[PDB]
């Protein structure tokens, strides 16, 4: 269950000293990444999020207005052109505010939910880098909700539901929840923090989620909820964050025309659920020990003949699976069926569809799992229908 070992074995990715903590995604690795993106996109649609894409770099002057420069400039990559200094984006929030600030906004536009697969770069110490877990370049399943003070509870409620919804897909049901309260140094009144902490608390209560306080660990600019999932080894992974922000919109001149016709500053909610896509792929690799659920598998089905005699039946079946939208390969090599099964088992291919004379003659196929189980000979169309359902449902469980 070492993602670095499994990563090399299944040709998913590699790292080099020429680019510390920045992943070279190979074909099969990039297939997993993209299917994870497709999955998160389906949830973005289901929870009424926009999806945007921001530039990689923006003027340091803009980043100075955020307050991040003074506190995190040493963790930021910088580059200059024509006597102007640009920061390579470590976060997507300022970029999202720039898009919000294009066009006059009304209370009618709120809540405005803006998601991005945000490419972030952090100048992390090289010596502390570790595989996909501790990197310099990562992709955040990021979103910023612009909303009224009155909309916070409902919007945080929806974030909590989305968190549990997405973790459950991967078989993560043990979640530890922590609400971080007002720190010693903070902006706004004690009243603002009372209401803000209460909003996070009520949202968790509305979802029947038990939690505990991290007293005084809240950010300068608002309280947060943190979600720690536990893998099958009972190891803790902090992935999910919901962070209230009463600072950044004001700092970056974000406003909307209220129902009272007065100009108002929107509340900002930061949330990531997976956190780092790269890290989450790392966690899944170790969770499944490379046995990715069928919907995530680089190659989902290998169709294979026992002898040369079934080659054309394999070709027809491989085309049928291709047409069904399944990631399929034909193994037509002049090798023992045992040799083929062993190789594709080692490559963690969910299903091996074996075609002998008996299968061809009956219009059936013999189904073998990477777990070494023989499901027997089944109707081709019934198997294809079943594989499609398992893939569409993003099921953790293989055919019975």
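Take the two forms, superpose them, and find the largest set of C-alpha atoms that agree within 1.5 Å; that set is the rigid core. Numbering follows the first chain given and starts at 1.
Averaged as a root mean square over residues and superposed structures in 7 other deposited structures of this protein, CA distances to the shown form are larger in 200-208; the pair compared was 290-298 and 200-208 with a core fit. In a rigid core superposition of the other structures in 7 other deposited structures of this protein, 242-250 and 184-192 differ in how far their CA atoms stray, and the farther one is 184-192.
Here 91-99 and 224-232 are compared by their mean Cα B-factor, and 224-232 comes out higher.
Between the stretches 65-73 and 50-58, it is 65-73 that shows the larger average CA temperature factor. Highest C-alpha temperature factor among 245, 154, 191, 141, as the PDB entry reports it: 191. When the C-alpha B-factors of 45, 336, 26, 34 are ranked from the entry, the top spot goes to 336. Among the modelled residues of its chain, residue 137 has a C-alpha B-factor that falls in the middle third according to the deposited record.
Among the modelled residues of the chain, residue 264 sits in the highest third by CA temperature factor in this PDB entry. Among the modelled residues of the chain, residue 171 sits in the middle third by CA temperature factor in this PDB entry. Among all modelled residues in its chain, residue 314 ranks in the lowest third by Cα B-factor. Per the PDB record, residue ranking by Cα B-factor puts residue 108 in the highest third of the chain.
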